[PDB]
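Enquirer: Line order of the protein sequences matches chains B, A, D and C.
Here the first sequence stands for residues 3 to 46, 51 to 192, 201 to 303, 307 to 525, where the numbers follow the authors' numbering.
Here the second sequence stands for residues 3 to 46, 51 to 304, 306 to 525, where the numbers follow the authors' numbering.
Here the third sequence stands for residues 3 to 44, 51 to 63, 66 to 193, 201 to 525, where the numbers follow the authors' numbering.
Here the fourth sequence stands for residues 3 to 46, 51 to 62, 67 to 192, 201 to 525, where the numbers follow the authors' numbering.
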Amino acid sequence: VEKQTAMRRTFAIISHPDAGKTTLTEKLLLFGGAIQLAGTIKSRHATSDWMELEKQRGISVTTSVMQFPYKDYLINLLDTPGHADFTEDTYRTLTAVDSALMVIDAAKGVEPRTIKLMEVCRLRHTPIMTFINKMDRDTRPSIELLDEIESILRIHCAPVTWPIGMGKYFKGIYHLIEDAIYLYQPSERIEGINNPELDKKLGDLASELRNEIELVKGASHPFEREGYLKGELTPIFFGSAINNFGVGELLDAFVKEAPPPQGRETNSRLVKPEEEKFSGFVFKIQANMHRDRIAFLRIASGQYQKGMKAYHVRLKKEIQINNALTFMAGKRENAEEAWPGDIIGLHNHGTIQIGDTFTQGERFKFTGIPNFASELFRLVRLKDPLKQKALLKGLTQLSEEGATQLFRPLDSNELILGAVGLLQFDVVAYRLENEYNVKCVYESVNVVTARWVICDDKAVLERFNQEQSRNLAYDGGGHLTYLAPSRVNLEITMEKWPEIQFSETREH
Amino acid sequence: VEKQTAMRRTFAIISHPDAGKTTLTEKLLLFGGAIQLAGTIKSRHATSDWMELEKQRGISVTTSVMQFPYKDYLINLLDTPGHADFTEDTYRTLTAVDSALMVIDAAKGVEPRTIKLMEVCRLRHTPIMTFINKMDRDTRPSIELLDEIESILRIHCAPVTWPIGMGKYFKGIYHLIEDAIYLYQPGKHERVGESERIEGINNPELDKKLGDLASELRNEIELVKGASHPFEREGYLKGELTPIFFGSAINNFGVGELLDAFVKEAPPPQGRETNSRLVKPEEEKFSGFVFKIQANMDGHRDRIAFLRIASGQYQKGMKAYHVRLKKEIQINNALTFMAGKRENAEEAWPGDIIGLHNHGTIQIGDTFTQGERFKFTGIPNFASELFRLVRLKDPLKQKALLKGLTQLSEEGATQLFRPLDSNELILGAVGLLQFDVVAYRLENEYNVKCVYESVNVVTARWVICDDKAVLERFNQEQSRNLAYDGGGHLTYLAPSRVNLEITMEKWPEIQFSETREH
Amino acid sequence: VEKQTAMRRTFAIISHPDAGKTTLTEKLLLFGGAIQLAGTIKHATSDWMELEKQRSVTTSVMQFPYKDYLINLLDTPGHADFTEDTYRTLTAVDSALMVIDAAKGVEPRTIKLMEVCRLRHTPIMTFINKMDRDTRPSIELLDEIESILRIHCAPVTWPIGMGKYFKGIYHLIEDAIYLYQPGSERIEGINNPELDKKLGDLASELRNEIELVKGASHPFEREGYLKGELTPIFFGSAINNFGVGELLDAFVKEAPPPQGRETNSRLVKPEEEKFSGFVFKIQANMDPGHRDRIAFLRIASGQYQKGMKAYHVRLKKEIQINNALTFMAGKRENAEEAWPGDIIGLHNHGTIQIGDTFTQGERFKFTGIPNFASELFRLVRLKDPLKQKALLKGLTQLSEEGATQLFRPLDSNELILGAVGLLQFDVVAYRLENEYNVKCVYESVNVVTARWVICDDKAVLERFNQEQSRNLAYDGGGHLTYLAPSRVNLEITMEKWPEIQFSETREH
Amino acid sequence: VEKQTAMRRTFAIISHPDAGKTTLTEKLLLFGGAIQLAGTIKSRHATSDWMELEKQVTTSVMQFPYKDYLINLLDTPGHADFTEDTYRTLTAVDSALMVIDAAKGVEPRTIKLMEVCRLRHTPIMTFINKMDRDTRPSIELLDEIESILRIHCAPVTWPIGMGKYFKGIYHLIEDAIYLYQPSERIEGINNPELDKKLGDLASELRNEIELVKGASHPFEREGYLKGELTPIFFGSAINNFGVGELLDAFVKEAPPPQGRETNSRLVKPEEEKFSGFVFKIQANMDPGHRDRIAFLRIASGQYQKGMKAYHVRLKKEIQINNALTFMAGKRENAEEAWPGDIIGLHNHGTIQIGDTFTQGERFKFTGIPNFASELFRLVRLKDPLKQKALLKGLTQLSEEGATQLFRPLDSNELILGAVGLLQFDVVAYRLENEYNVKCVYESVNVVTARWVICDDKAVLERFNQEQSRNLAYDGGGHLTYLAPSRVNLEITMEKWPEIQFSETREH
Ligand SMILES: [Ca+2]
Ligand SMILES: [Ca+2]
Ligand SMILES: [Ca+2]
Ligand SMILES: [Ca+2]
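1) Count the other CB atoms, across all protein chains shown, that sit within 10 Å of the CB of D144 (chain C); report buried if there are 16 or more and exposed otherwise.
2) Measure the CB-CB distance between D111 (chain A) and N139 (chain A) and report whether it falls below 8 Å.
3) For chain B, is any of its Cβ atoms less than 8 Å away from the one on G217 (chain D)?
4) Between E417 (chain B) and ligand 1, is there a pair consisting of the residue's CB and a ligand heavy atom that are separated by less than 7 Å?
5) Within the present structure, is the beta-carbon of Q276 (chain D) separated from the nearest heavy atom of ligand 4 by less than 7 Å?
6) Just reading off the beta strand (DSSP E) that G294 (chain B) is part of, what are its end residues?
7) Three or more C-beta pairs under 8 Å: does that hold for the stretch 280 to 290 of chain B against the stretch 339 to 352 of chain B?
8) Who are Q322 (chain B)'s beta bridge partners in DSSP?
9) Once you ignore the five residues that flank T96 (chain D) on each side, which residues in its own chain have a CB closer than 6 Å to its CB?
10) Here's the rule: buried if 16 or more other CB atoms are within 10 angstroms of the residue's CB, otherwise exposed. What is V505 (chain C)?
11) Taking only beta carbons into account, state which residues of the stretch 141 to 160 of chain D come closer than 8 Å to chain C, listed in chain order.
12) Measure the CB-CB distance between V465 (chain A) and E150 (chain B) and report whether it falls below 8 Å.
13) In chain A, what lies closer than 7 Å to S54 (chain B) by C-beta?
14) Between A106 (chain B) and chain A, is any beta-carbon pair separated by less than 8 Å?
15) Indicate, with yes or no, if ligand 2 has a heavy atom lying under 7 Å from the CB of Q422 (chain A).
16) Which of the three DSSP states is assigned to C127 (chain C) in this structure?
17) For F252 (chain B) and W168 (chain B), which I take to be in contact (beta-carbon distance under 8 Å), what is that distance rounded to the nearest angstrom?
18) If we ignore side chains and look at the alpha-carbon of each, how far apart do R128 (chain D) and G245 (chain D) end up?
19) Within 8 Å of any Cβ in chain B, is that where the Cβ of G232 (chain D) sits?
20) In three-state terms, what does DSSP make of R278 (chain A)?
21) Count Cβ pairs between the stretch 409 to 420 of chain B and the stretch 370 to 383 of chain B that sit closer than 8 Å; are there 3 or more?
22) With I134 (chain B) and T24 (chain B) assumed to form a contact (beta carbons below 8 Å), what rounded beta-carbon distance in angstroms separates them?
23) Kindly list the residues whose CB is nearer than 8 Å to the CB of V166 (chain B), restricted to its own chain and excluding five residues on each side of it in sequence; keep chain order.
24) If the criterion is Cβ atoms closer than 8 Å, does the pair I386 (chain D) and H496 (chain D) meet it?
25) Who are the near neighbours of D213 (chain D) in its chain, counting only those whose CB is closer than 6 Å to its CB and skipping five residues on each side?
26) If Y190 (chain C) sits next to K215 (chain C), beta carbons under 8 Å apart, how far is it from one beta carbon to the other, in whole angstroms?
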């Protein structure tokens, strides 16, 4: 039962849209023998478009988690949708990984989502490996790309591979550890950075490689396990994903260095995966676009066995998991068992919520499962006023399943919806109609961001509430929330109240 | 003369690549009856690909500036290449405009180049009109787009038009000043006059045509009225406020509204400061300044120096005074830029750009008058964003390399740095293409083959300090990271962002600038 | 019982005299801790006889431990005590270690001993000795081995410089450099910059030569080594104990454990529970009046146990083995047991002959135990024909004990002795006198070489005999033998009679 | 990979000649669909005749589909081509089907093949054949099977009448009657419809079924799989009657490919890595040729046409490019194979009986047996100069299971031991064709053989001294008693009760 966890590697790719996530995912799948999934994923929208396919077909349930073997390792790749189906779940999914793979477009460097996803990873000091993609086209200087990562993303860079040329004159990569050159020939290998054959085939590029490698080892850091595991250092790899080049070097360093499933804290103790008793937590729910839903559970300890009895901690109730969805690529049936690090899909009809902890009787709740500051806001109401209670009931449940956040402004009876991605508004409106027979209408509001408000000094907090009530609300969890009409307003308010904490995350 | 000036509008579009500048340019050209030209720019790349194309056709300089009539106005649009042909010239072109038109991809909002080009504009408080493009596709929420502009770009937003719907349900725009709705109806925006217009935001006809979009509009406009500013000419002319327009350039929608407000509100040619007096465009005597130089790639060794007319009148074949060379020259056949022209014009006016032919006697920042000696100020260098050591395979060609690099620097082709503690030569560029142009020029004009090497430099700042005791002290601790540029200005070459910060905090009495007067 | 076989390594050193066998042997004993033995190890046959009379058998076999292995090194005397026993000893090994003088290359005995090993396709490991002095070019040495010895060379270590500028060796499999610093500094990586700092130009020449070797040579592959088609090459200086360790570690790792042997019927495997073995060498006591002899037996299967009953197949009766000579270094007395691969010395007085098979009852005879073409020939007669009977009785016995070969021409009445080594004549002369009170005299004969004649076609053979009987003889075992007056005569006869097989060896 | 093993049923038919094996095989092939193959075996000598034809293989194994099942039927030649290979084959099956001639009951071959099956406690199912002719009483047949074949009988079908008045069979489990009409089904043994059609036979059925209740056993799975109990079926193979019921119970109850012990550990079929073992070798008789086929049972992993295999005994990597497959109706050899299947390994004398194959892991499967020789002949040459060749030939022949070889302690003579008379012909021919030696046979005073085992070296040495005239070592170096008579073996075994005289030994 020790080797089942030992061989496992659970992770996700963080990247700004168009960096190369999908392209890389395909290649890694090819290395895993998953020729099936590989083609399927590349065979891939407005939010509306996603909903159309979603209803009729909606086979986005079988690829939210991609499990595949490589060497003597089992790799769990969790999906982080970034386009039409970007939602808060994209952030929350990172809570269920043990490390992350960051993809950067060499021509772009660090982008807005790169920063956001890193901030999320930063919540658990999640180890990061970096693939600098698209070397086959012109790029920013490699040193510049690295420097920016260190300054903006606040993490030391440690090159493991390095580009030879760029764009039209991209001739391959140099593995700093192997001291070998892999030639890019749309894979001849050459040992020794000083090997005279390099100068013969690559010319001036050969001495440029030597030049750059020297600059690197003077202004940069060498790879280091400890720093990497503490999230203070990231090994960098350069390649061209579309040409499946540099990927193999990345994957080998990944399985070798990336962490196996780690333990997680609870409201009582540290749970380690090697414990014989089963346990896990729910971090994502998606409903059938029917009334059944699938709650994605990361196993935290013990083992899962089909048809087993488990303890639903919140509901103080024993349950039986009869046919939990598993994610082995190419499988025909659900696996009979699963292990720590793995994800399983729990079928239900509304009895499972975000953060739900499952055990075998022991009553604890896993911590660290976050809500994230909403980025998009809308007022929600009905045309038929006689349906208010069902609207609230629906929104509450939806809030509990992480589909949306819900805000009740102090000075009114209005309801405000908070979303991280545009699709959530579509999913809410549909689910409300289908599951609650409630027809809702959206309106624009003057809110652009949100912060949770925290002050242990109740006299200060009370003066704050009195003054800022127009911009205050309670969310679905009862937490005081500041809904800023503008970034500038947020700045002024925060500056006006240095005694009050304004947070971008909170525990669900 | 004063009438010639009054009808002119000289501007450039500022935007991040892919935002829609080329598309908007096409549509503006069509409004100006420049059908042929619109077609050409529309039929538009690694830096190497650009180099090839340039060598083959070499007519990227005749469209560097696009002049076209609209109503009783004459419009001068200076291009700001943002793709393969991005270079320092892209920043410096902004010194030659009287206002700017910012284009934003509504699905993207404010991007890195948007920010950078706004910084350049800020140097002169250049007035900004804003166009939010791509409404025909899903966008970020309108109110959010505006907040990011005010927050990131430090300028008040003043909606003049406003979107009705978005993406698949984008149905038109409301004009806040006209109180009128222009319906978006593909197939009716090819020729002017065929589109449907509705009077009044509370007009019942709206609810008929657009349904729930009508009440959403009414709601959003009230939010905007309460949290936004109304358009105000003074704030606009001061560069503190930007009127916002929304549309879909590819479908020629919302463009007419933008163009009409532009010609109405955008400033005509303005006075330009000098080392002494202020020069006003209405003055009788001709004068101007050179703000960029483009070399003929095709055994040619002629170049075009782009000059903005600051006052008076250019006449083909006129005598003029080259202030730097303290010499009289003749201007026999300067390039002009009227769309669809058969030949260069006989005259040009303030706000206009003309192209002066020369073989290296004209440099960036050069002032030309009719006798008066003064130099226009405010023509900037901008901090280089790319760095490379340059050297030779043959030591015997050092003199030619230096001569070439010195001329190229003086023509703005590149920046040139000489570290204090070495004899090495470092080239500084804003755009990747500059290194290609420099290498080609060195070979073709100076018969010198240069070799580039990466160097440990990511950014640079010009160093200024009143107290010379502190400064000279500073030149001791940091000489290894110091250099003199081609103008003899002390420059700090930061190996990293962190190093710059750390050096700057240690020396707060020392100013570190990202721009300097050329 | 199986473990005991797996840990054993039985081998012999094959080499031309003065190549460095004694020196390398000394160093190998040192690695095994046989300090004393290494010391003892370190003219004419007349002198060797004297030392043998005055005072060998205890060191004919050298057994010593090394790590978790037990090594049996069988001696192959090449100086004054060289005899046919030197050849026949190789039939009792499972592999061989060839030592070559880097200054000499392939020499006459190198060729003969390889020919003997080739009989059983004996696996060969090669040590190129004397790197501390000038040598023949390394590429030359290997080509001579491949061309002359008909075996592929697979470099495993490679020399750095030579003679005065000998700096050490490169291990191709470890990619590590061992510095020869005569007072064991190891440098990792052939492209490691520390190499150029310490070895200067020799580093680049090394990398050049390794490239040449890669291209025109073979990498080690054990199937080929074990088949006798490929020999791993090691370089060093035995006198300086340099490069010996690498060889030894590869030896115990790659060299085969005791293997099964064929018999006149079934194949016999070492792991079988029953004891069995064969006699490959015999040595008599040179003491006047004594009849003591030691029959060297290799154990083919089962376990030797002191005082055991064994079956003497030729004599078809049961005997007892009370105090068999054993060969552990530094031993005090003969071991109480021994296992497959080991040699033991059977005490007797003439009842044990070359080829004798011993079992625990089963009736079979091991095959492949060879006679080798004699290289020296002499007529043997008496001054006084009085004891002619005793002479013939002695020569017969000596021939059966491998001390000499005996030929009796088809057409005449002379007795002709054949020897591989000069010493044999001295031992025969001395043994006849001391054991058969016969004084023999030798006479030169016009014979330079011998070949056993084989032909299944009686008519052809009779035709052959009618023309060549003058050159034909029966040997001691009744085998037809051609005695050539000259090399040319043999070539002419062989070319005239291609239907007839002329062999340089036969089954004893 | 899991269902691959679970869908396979590998067995063999055990019976005395003339019982009905050939006929039942045909019927089984029919249910499967292999009409052609079935029609072939129907076209069915002395050893002399067989040797003739065999000069001028693919039906040694008969693989065929039935529902969700794949059936591997290993043949067990009982007539002219009966040899030791016939016994050794059974080591390659996971269960067996016993066919008995109703008029005869348990016959000599029946007993021998059951003894072989017993070596592995091989599950047995039984088919009492030829109900259409007069028979021994059914209770008598069951009784004989019990005491003689030491296995409890568990009827699943039962005959109604016999000879002239065979009217059908009764299915004790289903409680249904299938009528024999040269296939009407009736339910309830006490169904009044039986009496109407069959008459007094209806009461006789009820009577006998009740008799079976108290004196016989009910089919018990665990017991059957343990080899302690065999389900009994009745019918007439010539009329394809009662056959269907046997097949269905077979595919349902018969065990899937089981694991096999080795010198190192128990190897399971489910294992990823490919492994197998040779239990039979067939030589091409055609003159000049030197090719053989080594039949290999797959114990684990999977066979892939063109895979790399590890020849354990030779410590050598080999390549299996075109291994013979035995799917009925096949156009070419199969690209893959799974545990329980048999494939043919082409070679020229480098593969031997007992040979294990893996993918690098060096171990050797166990339980592959040698069986006591039943026929004996002295072998010699008229040309004494070929003694070496004879021995080399005979040794090789011995390792390929073509014969056993014995060397008596008190002479230099060579005795061959065979199970089937054909082996002598095959050996004489092979010695000639492959070793160019002409052997001569002479009768010997030996009728049977037992392997001598005894851990008491004190007793063993005296035994050897006293009985040396009847002792020899075989081709594996095992001490063997060669009895001049049955009575001699009985006495000898009584005078030495501390010595084990076995009829089998691991090869
Ligand atoms: Ca609930
Ligand atoms: Ca100049
Ligand atoms: Ca004798
Ligand atoms: Ca063999």
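Where a beta carbon is used, it is the ideal one built from N, C-alpha and C, also for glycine.
Expert: This is what the structure gives:
1) exposed
2) yes
3) no
4) yes
5) no
6) 293 to 301
7) no
8) B:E354
9) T86, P87
10) exposed
11) none
12) yes
13) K174
14) no
15) no
16) helix
17) 6 Å
18) 8 Å
19) no
20) strand
21) yes
22) Not confirmed; about 19 Å, so no contact.
23) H181, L182, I183, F237, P249, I250, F251, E263, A267
24) no
25) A220
26) Rounded, the Cβ-Cβ distance is 11 Å, inconsistent with contact.
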